[PDB]
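Worksheet: one structure, shown below.
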Amino acid sequence: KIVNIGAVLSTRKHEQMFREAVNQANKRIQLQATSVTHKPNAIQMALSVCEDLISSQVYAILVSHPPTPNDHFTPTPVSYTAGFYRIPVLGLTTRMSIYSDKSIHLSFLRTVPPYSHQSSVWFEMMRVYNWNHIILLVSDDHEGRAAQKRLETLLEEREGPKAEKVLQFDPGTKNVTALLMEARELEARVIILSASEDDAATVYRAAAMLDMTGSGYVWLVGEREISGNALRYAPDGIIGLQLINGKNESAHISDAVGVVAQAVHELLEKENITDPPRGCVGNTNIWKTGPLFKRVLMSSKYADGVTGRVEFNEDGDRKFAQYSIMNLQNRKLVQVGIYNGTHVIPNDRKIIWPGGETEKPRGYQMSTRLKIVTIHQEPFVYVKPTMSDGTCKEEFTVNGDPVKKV
Amino acid sequence: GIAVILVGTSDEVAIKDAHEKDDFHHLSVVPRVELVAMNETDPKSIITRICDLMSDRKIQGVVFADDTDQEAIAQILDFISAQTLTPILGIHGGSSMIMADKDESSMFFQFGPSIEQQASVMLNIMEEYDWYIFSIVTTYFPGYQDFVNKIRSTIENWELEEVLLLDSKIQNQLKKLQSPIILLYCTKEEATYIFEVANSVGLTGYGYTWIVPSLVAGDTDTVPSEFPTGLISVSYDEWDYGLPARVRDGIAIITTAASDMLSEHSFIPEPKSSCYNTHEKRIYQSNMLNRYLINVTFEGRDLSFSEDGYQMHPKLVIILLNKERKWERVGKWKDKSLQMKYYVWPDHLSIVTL
Amino acid sequence: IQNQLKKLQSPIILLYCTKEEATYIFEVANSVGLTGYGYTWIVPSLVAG
Amino acid sequence: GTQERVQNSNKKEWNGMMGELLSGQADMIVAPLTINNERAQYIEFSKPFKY
Ligand SMILES: O=C(Nc1ccccc1)N[C@H]1C[C@H](C(=O)O)Nc2cc(Cl)cc(Cl)c21
């Protein structure tokens, strides 16, 4: 029994690093290293998946993303191809809600948290600053859909801060000038914005056009917004979140291969490891080892990688990971705290807030105006057409005192 | 071109009868029907053959049917759909009987009914025989939130027992069994175990009647023994649909879509050259005209689909597990209307008054 | 046994037995019936011996 | 305004001033607005001033 393992990566030198990883795994079953690069036109990759790897006897696969801006079409061909057999696989990179759910893809596990869960930090970011009123902006994509889902569900479960309005919109928008108008005239003053990158200008340059960033204002966005605007048009003082892994597949390899090794030790007790069916053409045989391999990888806890305590959630992404509480310094970047799994850990610096005051502004202003409406009902409501001057004529009661009219 | 694939162990040679029915009329652009069948072929073989043949014979539209090797095949072209921008039609097979949502950057609607449609037909059956109360339990099968939301909304315009999702809590959940009618939205593999536990707790014969959707049994012939000697199910596929009739429906759909296309602004789907490289990605950026290929008619009825893939008001039938462990066509369904050609199914008095 | 225990409807439950069988019967009770806050068990003298 | 199904399967909406309160248009109602159970699940009522 020599369980060969296959990988696909974007940098061949780090594929050699993966060969070092499989040597260290030989230091520890029996492994054999094999791997393939990636090319454009994902149909060629859906060829090479079995033209190279599925042609062998594989019980776990490695997948990672390129730098190309596809970022969604990159993991799917291999995903579909292997999934035909329910083969557990390990993703290493961009964590959009591709296989966030078990519906399309079945037994995939990843090492990077998907941009959804960054909501929860915001949640406790509230329980730090006692804010209980909140505006939310979301575009009606699947990413933002799940975003609203997770956020509203967590907040309702918190029953405290209650949501105020779920303002949805569309990606392809040149101007959201109409929506921010009704937005920035409501009660609260804290705003969360999770959408695609280039939307930020569409928001930001529209916000300052409405001066929606001057003072009595607080913002909170996702990392894509941070990058795309903190280079382009970030209104200073806005706050976001930052992840530690960033863009490098190296440490992911370490996080990955260790649990791959620790797995095979969980079926060296009953010899139900019969054979991974080599070759794509030839059999619709369901390698029913898949459910067992998945149920065990869902709990193969280790501490191999650079980051201690790399484990899984019920989704198979990075669980109990670590973020850094990013912040901007009017053109510059800093970390003023490391959110450690669940710990409330800030860090010392000049924590500015929009406009540039060392105070933490309150939630709401509680305006003095109140739009009131009412219906036509003679014995409770009398309406009269105005006079030629623009009012309606005064009159006295039978007692002689005046009567109000508005 | 407009091609057809008929991989599977069947009467494909006979089914080419529909070639002349295609050859005479109902084709403005007269198409090039051509079969490329296969054996029990693997996903990768399926992909390479599909794009290779679509590239060779100059194909611009396709429809296929096969043995129910796995529902995953429905997913497998969802990728290539936008990868080459061409209408796809899964038909006549359990392979093409599952739902595949949210891939809608491209084509490939399907046939048969929707979750909502079949569910409303279940409710229609429930009224037409006055079954007042109902219970329901299900699992993580696709459409659980959809089903619970649909049934919780269509009751605010019933006599439910309870909605239950399952994962020693099984018995404490089954103890709430209170309805005179029991429902389940599942498949046969788990249905074995669930009818087992049902015999373990719930009644099976005279005292309860089991009703389930089309894709619980999948095919039409197998039967795990734990099922009661009666099952009200609903489908259309393998009881009236002739394969030549189905492929005729398909070629009609594509030809009338081509009619709408060449009429609106007179653009033919450009021939995708290669399934290989970025030089073929040149046409991949050309215009897309998918939507307006959906309001077209022939053989009388309209064939409008929603933006997701299901036709409106399908033609449907209701079957029942008889005593010989077989199914029988007992209910007609047409034009959002039901016809139950069989009364209550075996304290039995018959009263009379004036 | 289960089809009989399904008629469990009372807020108070009685049993006239002895300890040896009481082991098995409280076992099946946990298997079906509630045990803590929700039911109170009353029994005669010669159940525990 | 009352709860009414709209788009024939889509939503349940309030067809009037009650909705205008829930929609975000209004902020307070003063009119002979009735009190019952159905409305009480989305509004907050002062004590009644005129039986
Ligand atoms: O019946 C109606 N509108 C209607 C108008 C034309 C045709 C049919 C019905 N309104 C009712 C309901 C609503 C209320 O809060 O009670 N306004 C309101 C206020 C008062 Cl003072 C008395 C009543 Cl009954 C009503």
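Ligands are numbered from 1 in the order shown, chains are lettered A, B, ... in the order of the structure tokens, and residues start at 1 in each chain.
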| Within 9 Å of region 8-17 of chain D, counting only C-alpha atoms, which residues qualify if same-chain residues fewer than 6 places away don't, as a ChimeraX atom specification? | /A:373-375 /B:150,153-154 /D:1-2,23,26,29
Produce a table with one row for each residue of chain D that has an atom at most 8 Å from any atom of ligand 1, each row naming the nearest atom pair and its distance in Å at one decimal; use only C-alpha atoms and all ligand atoms; arrange rows by chain and rising residue number; format as a Markdown table.
| residue | atom | partner | partner_atom_place_in_ligand_line | distance |
| --- | --- | --- | --- | --- |
| D:1 | CA | ligand 1 | 13 (C) | 7.6 |
| D:31 | CA | ligand 1 | 15 (O) | 7.2 |
| D:32 | CA | ligand 1 | 21 (Cl) | 4.9 |
| D:33 | CA | ligand 1 | 15 (O) | 3.3 |
| D:34 | CA | ligand 1 | 15 (O) | 4.3 |
| D:35 | CA | ligand 1 | 15 (O) | 7.8 |
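By only C-alpha atoms, and with residues fewer than 5 positions from residue 107 (chain A) along its chain excluded, the set lying at most 9 Å from it is residues 83, 86, 87, 88, 89, 102, 290, 291, 294, 295 and 316 of chain A.
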| task | Quick one: everything within 10 Å of residue 20 (chain C), counting only C-alpha atoms, minus sequence neighbours fewer than 2 positions away in the same chain. Send it as a PyMOL selection string. | result | chain C and resi 17-18+22-25+47-49
| request: Kindly determine which residues of chain A lie within 12 Å of chain D, considering only C-alpha atoms, and give the answer as a ChimeraX atom specification. | output: /A:164-166,182-183,185-187,367-382
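For region 208-219 of chain A, the list of residues within 6 Å, based on only C-alpha atoms and with local chain neighbours fewer than 6 positions off taken out, reads residues 189, 190, 191, 192, 238, 239, 354 and 355 of chain A.
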| message | Distance limit 9 Å, atoms considered: only C-alpha atoms. Which chain A residues sit that close to chain B? Return them as a PyMOL selection string. | response | chain A and resi 40-44+46-47+49-51+76-77+80-81+83-84+103-104+280-284
Just to be explicit: take each residue in the selection above, keep N, CA, C and O atoms, and write the result as an mmCIF file, in the first residue's frame.
data_model
loop_
_atom_site.group_PDB
_atom_site.id
_atom_site.type_symbol
_atom_site.label_atom_id
_atom_site.label_comp_id
_atom_site.auth_asym_id
_atom_site.auth_seq_id
_atom_site.Cartn_x
_atom_site.Cartn_y
_atom_site.Cartn_z
ATOM 1 N N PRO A 40 -4.572 28.203 -18.827
ATOM 2 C CA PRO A 40 -5.869 28.861 -19.042
ATOM 3 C C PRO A 40 -6.869 27.939 -19.719
ATOM 4 O O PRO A 40 -6.530 26.793 -20.027
ATOM 5 N N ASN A 41 -8.088 28.424 -19.971
ATOM 6 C CA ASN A 41 -9.094 27.676 -20.728
ATOM 7 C C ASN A 41 -9.446 26.361 -20.022
ATOM 8 O O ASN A 41 -9.128 25.263 -20.481
ATOM 9 N N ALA A 42 -10.132 26.519 -18.885
ATOM 10 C CA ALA A 42 -10.278 25.453 -17.895
ATOM 11 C C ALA A 42 -10.693 24.109 -18.484
ATOM 12 O O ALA A 42 -10.600 23.088 -17.794
ATOM 13 N N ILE A 43 -11.161 24.080 -19.730
ATOM 14 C CA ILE A 43 -11.412 22.807 -20.382
ATOM 15 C C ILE A 43 -10.138 21.983 -20.523
ATOM 16 O O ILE A 43 -10.169 20.759 -20.352
ATOM 17 N N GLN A 44 -9.004 22.621 -20.808
ATOM 18 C CA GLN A 44 -7.751 21.879 -20.865
ATOM 19 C C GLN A 44 -7.408 21.289 -19.504
ATOM 20 O O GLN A 44 -6.842 20.192 -19.417
ATOM 21 N N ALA A 46 -9.695 20.397 -17.202
ATOM 22 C CA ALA A 46 -10.613 19.275 -17.070
ATOM 23 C C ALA A 46 -10.172 18.084 -17.909
ATOM 24 O O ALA A 46 -10.604 16.958 -17.648
ATOM 25 N N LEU A 47 -9.361 18.320 -18.937
ATOM 26 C CA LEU A 47 -8.665 17.217 -19.593
ATOM 27 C C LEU A 47 -7.573 16.655 -18.689
ATOM 28 O O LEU A 47 -7.586 15.470 -18.321
ATOM 29 N N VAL A 49 -6.877 16.679 -15.669
ATOM 30 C CA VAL A 49 -7.162 16.112 -14.353
ATOM 31 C C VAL A 49 -7.063 14.593 -14.391
ATOM 32 O O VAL A 49 -6.369 13.984 -13.569
ATOM 33 N N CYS A 50 -7.742 13.952 -15.342
ATOM 34 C CA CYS A 50 -7.590 12.511 -15.456
ATOM 35 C C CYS A 50 -6.521 12.123 -16.461
ATOM 36 O O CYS A 50 -6.004 11.003 -16.383
ATOM 37 N N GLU A 51 -6.174 13.011 -17.401
ATOM 38 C CA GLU A 51 -5.075 12.700 -18.303
ATOM 39 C C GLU A 51 -3.759 12.556 -17.552
ATOM 40 O O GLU A 51 -2.817 11.945 -18.070
ATOM 41 N N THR A 76 -13.033 25.196 -10.165
ATOM 42 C CA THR A 76 -14.237 24.429 -10.473
ATOM 43 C C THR A 76 -14.010 23.229 -11.396
ATOM 44 O O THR A 76 -14.618 22.180 -11.164
ATOM 45 N N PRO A 77 -13.211 23.324 -12.468
ATOM 46 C CA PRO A 77 -13.082 22.141 -13.337
ATOM 47 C C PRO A 77 -12.574 20.921 -12.597
ATOM 48 O O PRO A 77 -13.206 19.856 -12.653
ATOM 49 N N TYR A 80 -15.490 19.663 -10.144
ATOM 50 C CA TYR A 80 -16.457 18.798 -10.795
ATOM 51 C C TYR A 80 -15.853 17.450 -11.140
ATOM 52 O O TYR A 80 -16.441 16.413 -10.819
ATOM 53 N N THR A 81 -14.678 17.446 -11.776
ATOM 54 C CA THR A 81 -14.118 16.187 -12.251
ATOM 55 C C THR A 81 -13.941 15.196 -11.109
ATOM 56 O O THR A 81 -14.453 14.072 -11.173
ATOM 57 N N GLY A 83 -15.215 15.321 -8.042
ATOM 58 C CA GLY A 83 -16.463 15.125 -7.327
ATOM 59 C C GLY A 83 -17.356 14.045 -7.882
ATOM 60 O O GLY A 83 -18.194 13.512 -7.147
ATOM 61 N N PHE A 84 -17.192 13.713 -9.166
ATOM 62 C CA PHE A 84 -17.935 12.610 -9.759
ATOM 63 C C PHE A 84 -17.815 11.351 -8.911
ATOM 64 O O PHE A 84 -18.709 10.500 -8.915
ATOM 65 N N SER A 103 -24.110 21.618 -1.642
ATOM 66 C CA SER A 103 -25.010 21.331 -2.755
ATOM 67 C C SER A 103 -24.248 20.955 -4.019
ATOM 68 O O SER A 103 -24.341 19.816 -4.487
ATOM 69 N N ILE A 104 -23.486 21.887 -4.583
ATOM 70 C CA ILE A 104 -22.774 21.612 -5.828
ATOM 71 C C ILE A 104 -21.587 20.692 -5.594
ATOM 72 O O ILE A 104 -21.451 19.663 -6.259
ATOM 73 N N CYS A 280 -9.625 7.548 -15.746
ATOM 74 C CA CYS A 280 -10.958 8.140 -15.734
ATOM 75 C C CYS A 280 -11.940 7.288 -16.526
ATOM 76 O O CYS A 280 -12.965 6.851 -15.991
ATOM 77 N N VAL A 281 -11.634 7.011 -17.787
ATOM 78 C CA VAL A 281 -12.488 6.152 -18.596
ATOM 79 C C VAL A 281 -12.388 4.725 -18.078
ATOM 80 O O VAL A 281 -11.290 4.227 -17.804
ATOM 81 N N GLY A 282 -13.534 4.065 -17.930
ATOM 82 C CA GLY A 282 -13.514 2.655 -17.599
ATOM 83 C C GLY A 282 -14.550 2.150 -16.616
ATOM 84 O O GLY A 282 -14.904 0.968 -16.661
ATOM 85 N N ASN A 283 -15.055 3.005 -15.730
ATOM 86 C CA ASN A 283 -16.007 2.530 -14.730
ATOM 87 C C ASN A 283 -16.683 3.714 -14.070
ATOM 88 O O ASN A 283 -16.019 4.697 -13.731
ATOM 89 N N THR A 284 -17.998 3.615 -13.877
ATOM 90 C CA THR A 284 -18.739 4.547 -13.037
ATOM 91 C C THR A 284 -18.697 4.144 -11.575
ATOM 92 O O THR A 284 -19.556 4.565 -10.789
#
| request: Extract, using only C-alpha atoms, all DNA, RNA and protein residues at most 12 Å from residue 4 (chain C), discarding same-chain residues fewer than 4 positions from it, and format them as a list in words. | output: residues 201 of chain B; 8, 9, 32 and 33 of chain C
| said: According to DSSP computed on the backbone, where in chain D is there strand (DSSP E or B)? Give the residues as a ChimeraX atom specification. | reply: /D:3-6,11-14,28-29
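Relative to CA of residue 310 (chain A), CA of residue 244 (chain A) is found at 13.0 Å.
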Excluding residue 61 (chain A) and residues on its chain fewer than 5 positions from it, collect all residues at most 7 Å away from it, counting only C-alpha atoms, and give them as an mmCIF file with N, CA and C atoms, in the first residue's frame.
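The file below, around12.cif, is the result:
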data_model
loop_
_atom_site.group_PDB
_atom_site.id
_atom_site.type_symbol
_atom_site.label_atom_id
_atom_site.label_comp_id
_atom_site.auth_asym_id
_atom_site.auth_seq_id
_atom_site.Cartn_x
_atom_site.Cartn_y
_atom_site.Cartn_z
ATOM 1 N N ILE A 5 0.002 10.784 -3.873
ATOM 2 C CA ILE A 5 -0.806 11.983 -3.708
ATOM 3 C C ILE A 5 -0.470 12.974 -4.813
ATOM 4 N N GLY A 6 -1.503 13.651 -5.292
ATOM 5 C CA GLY A 6 -1.366 14.543 -6.423
ATOM 6 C C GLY A 6 -1.732 15.964 -6.054
ATOM 7 N N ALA A 7 -1.126 16.900 -6.773
ATOM 8 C CA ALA A 7 -1.271 18.310 -6.460
ATOM 9 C C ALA A 7 -1.344 19.120 -7.745
ATOM 10 N N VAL A 89 -10.809 16.587 -1.227
ATOM 11 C CA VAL A 89 -9.759 17.392 -1.838
ATOM 12 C C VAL A 89 -9.479 18.584 -0.930
ATOM 13 N N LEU A 90 -8.309 19.200 -1.113
ATOM 14 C CA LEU A 90 -7.841 20.279 -0.253
ATOM 15 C C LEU A 90 -7.551 21.520 -1.083
#
| request: Counting only C-alpha atoms, collect the residues of chain B whose closest atom lies at most 12 Å from chain D, and write them out as a PyMOL selection string. | output: chain B and resi 116+120+149-157
| query | Just how far from CA of residue 365 (chain A) is CA of residue 133 (chain A), in Å to one decimal? | reply |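 About the pair CA of residue 133 (chain A) and CA of residue 365 (chain A): they are 11.4 Å apart.
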